[PDB]
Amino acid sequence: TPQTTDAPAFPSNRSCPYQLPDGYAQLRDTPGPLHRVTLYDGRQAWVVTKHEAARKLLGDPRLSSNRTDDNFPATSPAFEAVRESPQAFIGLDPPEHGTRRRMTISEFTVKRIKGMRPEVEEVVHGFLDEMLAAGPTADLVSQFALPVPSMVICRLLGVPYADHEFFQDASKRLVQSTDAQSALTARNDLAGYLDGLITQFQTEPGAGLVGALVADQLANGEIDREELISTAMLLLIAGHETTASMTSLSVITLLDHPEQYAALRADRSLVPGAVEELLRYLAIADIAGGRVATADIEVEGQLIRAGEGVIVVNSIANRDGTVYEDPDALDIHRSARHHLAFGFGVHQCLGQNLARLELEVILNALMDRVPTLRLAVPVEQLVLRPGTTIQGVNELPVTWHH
């Protein structure tokens, strides 16, 4: 008996770090902006598979980001960890979203990010010093890809780096969590740590965004103590995990396209455009597109009903051939403009300027300090994270000329 389905299972896992899963490429090819899918618990939902329609729906206020809504398209049991506690502004709609987000934007401006350039370079070259002095073979993730953005975001947040082993482990346990209880345990571990950090700042006013939020908004009752915890946790995990994944996958991808890597090294003028193309191509946050319709939405003849879950899959939208000619080809020289790796609209990634800065610095540093860098194993031996979480590899064995 045939098993062809109208709503295939979603999400799907990558088999190649920089290629869509086979199922996603099928969704990309099927005409129309929408397609039905079956989530892990049997409920059906819509997935958006085209670029301009993704922009349109991301800007549509009728698609809500409220993750506490019972009809929100949860794609894994671990998603329950964020549903039970107060929502950081990633899970808020206007006007609450803007009031909370504006409490944090000062630390992510173009002026502040450019101001952080010397300390980002210092942290990058510091962890490179330690890795190269230790010699190959090293795991690029635990020795460079993860600690670099961890240290940077901690200094931005005011989180003491001396506790890094604790909250890096709690962050990883949440990222890789495959059940609800494990995710909630790792989340409460972070919540308990951040709550004590708040009390510490109330005794002794401190630096970083968390200290600012404690001294001002919390003391004026304009943010709840548990919203501060959720917001700080969002920035902490995002600061750690997204950049680390872009680093490891950019290294894997660039080494599989050695002509473009050598061209990139020969001209650092190309690093900014190469970073945009890597963001479009790798789209490591393609699971973070969930929305729920609060009213009927008709999309090019197809009707989204109120109460239906919608998932804007930015990896698929970033492979729209009508926007990026030959979209499945990595081209660091192409115009990667208007890609959706960071989203679009009111929720577009607050840390996008920081991720762009860190990746540029990291890529330039790897080409300067370790040009003989190469993988210590075939990419087929690398272990990919599933489509239910942030795209990445659990470890990246690398070697170089000692």
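Counting begins at 1, following the sequence as shown. In this text, rigid core is short for the largest set of C-alphas that superpose within 1.5 Å between two forms.
Higher-deviation stretch (C-alpha RMS, rigid core fit) in 5 other deposited structures of this protein, choosing from 85-93 and 139-147
Between 139-147 and 85-93, greater C-alpha deviation in 5 other deposited structures of this protein belongs to 85-93.
Divergent stretch in 5 other deposited structures of this protein, 268-276 or 76-84 [C-alpha RMS, superposed by the core]
Relative to the shown form, the greater RMS C-alpha distance in 5 other deposited structures of this protein belongs to 76-84.
Mean CA temperature factor from the deposited coordinates, higher in 89-97 or in 296-304?
So the stretch with the higher mean C-alpha B-factor is 296-304.
Out of 343-351 and 34-42, which one has CA B-factors that are higher on average in the deposited record?
Comparing averages over the C-alpha atoms only gives 34-42.
Among the choices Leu357, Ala54, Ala376, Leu363, identify the one whose CA B-factor in the record is greatest.
The record points to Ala376.
Between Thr137, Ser248, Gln217, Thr199, where does the Cα B-factor run highest in the record?
Reading the PDB entry, the winner on C-alpha B-factor is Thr137.
Using the temperature factors of the C-alpha atoms in this entry, rank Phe79 within its chain: lowest, middle or highest third.
For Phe79, the deposited C-alpha B-factor lands in the highest third.
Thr243, C-alpha B-factor rank within chain (lowest, middle or highest third):
For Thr243, the deposited C-alpha B-factor lands in the lowest third.
Third of chain Cα B-factors occupied by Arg268
Answer is highest: the recorded C-alpha B-factor places it there.
Check where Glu277 lands among this chain's C-alpha B-factors and tell me if it's the lowest, middle or highest third.
Lowest third of the chain for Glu277's C-alpha B-factor.
B-factor third for the C-alpha atom of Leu27 within its chain
Highest third.
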